[PDB]
Participant: 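One structure is given below, represented as structure tokens, and several questions about it will come after.
This chain uses plain numbering: 1 for the first residue, then up along the sequence. Only this structure's heavy atoms are used, side chains among them; waters, hydrogens and symmetry mates stay out.
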Amino acid sequence: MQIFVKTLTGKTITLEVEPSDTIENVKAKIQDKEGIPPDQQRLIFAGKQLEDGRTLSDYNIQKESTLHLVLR
Ligand SMILES: [Hg+2]
């Protein structure tokens with residue numbers, strides 16, 4: 001499914017992911033696509049900071065959802 005990642009620069013990146021994917025993989029996808037080191041990625045959804053060991057499904061993130069990316 002497709003999801004959006006809104007960065008603080010005003011750029012929104014599109015990503016193809018599965019609800020079963022882990023947050024660490026999502027960060028991996030972002031680094032692969034935008035080159036942002038995973039260690040600097042702070043993802044937020046619904047006011048919650050996402051944890052590397054959890055999955056998108058754990059947070060109820062569905063298609064067309066928008067995550068927020070703040071660089072650490
Ligand atoms: Hg938002």
Participant: Side chain to side chain contact (heavy atoms under 4.5 Å, CB included) between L69 and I36: does it pass, once the steps are laid out?
Facilitator: CA-CA 10 Å; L69 179 64; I36 303 168; 3.8 Å; yes
Participant: For a 4.5 angstrom cut-off between non-hydrogen side-chain atoms, does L56 reach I23?
Facilitator: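 Yes, side chains in contact.
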Participant: Output, in order, the C-alpha distance, side-chain angles, deciding distance and verdict of side chain to side chain contact (heavy atoms under 4.5 Å, CB included) for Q41 and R72.
Facilitator: CA-CA 6 Å; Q41 292 181 44; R72 201 177 307 169; over 6 Å; no
Participant: Give, for atom NZ of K63 and atom CD1 of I3, the distance between the pair rounded to the nearest 0.5 Å.
Facilitator: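 Output value for this atom pair is 11.0 Å.
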Participant: Mind checking the CZ-CD1 spacing from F4 to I13? Nearest 0.5 Å is all I need.
Facilitator: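 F4 atom CZ to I13 atom CD1 measures 11.0 Å (nearest 0.5 Å).
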Participant: Enter the distance from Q62:CD to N60:CG here, rounded to the nearest 0.5 Å.
Facilitator: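 The CD atom of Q62 sits 5.0 Å away from the CG atom of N60.
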Participant: So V5 and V26, do their side chains get closer than 4.5 Å, heavy atoms only?
Facilitator: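 They are not in side-chain contact.
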Participant: Nearest heavy-atom pair of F45 and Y59: which atoms, and what distance?
Facilitator: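 For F45 versus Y59, the nearest heavy atoms are CE2-O, 3.7 Å.
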Participant: Can you tell me how far the CG atom of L15 sits from the CE atom of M1, to the nearest 0.5 Å?
Facilitator: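 Output value for this atom pair is 10.0 Å.
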Participant: Do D21 and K29 come within less than 4.5 Å of each other through their side chains, counting heavy atoms only?
Facilitator: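 Side-chain contact under 4.5 Å: yes.
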Participant: So do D39 and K27 actually touch side chain to side chain, heavy atoms under 4.5 Å?
Facilitator: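 A side-chain contact under 4.5 Å is absent here.
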Participant: Hey, does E16 have a side-chain heavy atom less than 4.5 Å from the side chain of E18?
Facilitator: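 Side-chain contact under 4.5 Å: yes.
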Participant: So, for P38 and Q31, which heavy atoms are closest and what is the spacing to 0.1 Å?
Facilitator: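 Shortest heavy-atom contact: CD-CG, 3.8 Å.
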Participant: Would you mind reporting whether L43 and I30 have side-chain heavy atoms less than 4.5 Å apart?
Facilitator: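 Side chain of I30 against side chain of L43, heavy atoms only: contact under 4.5 Å found.
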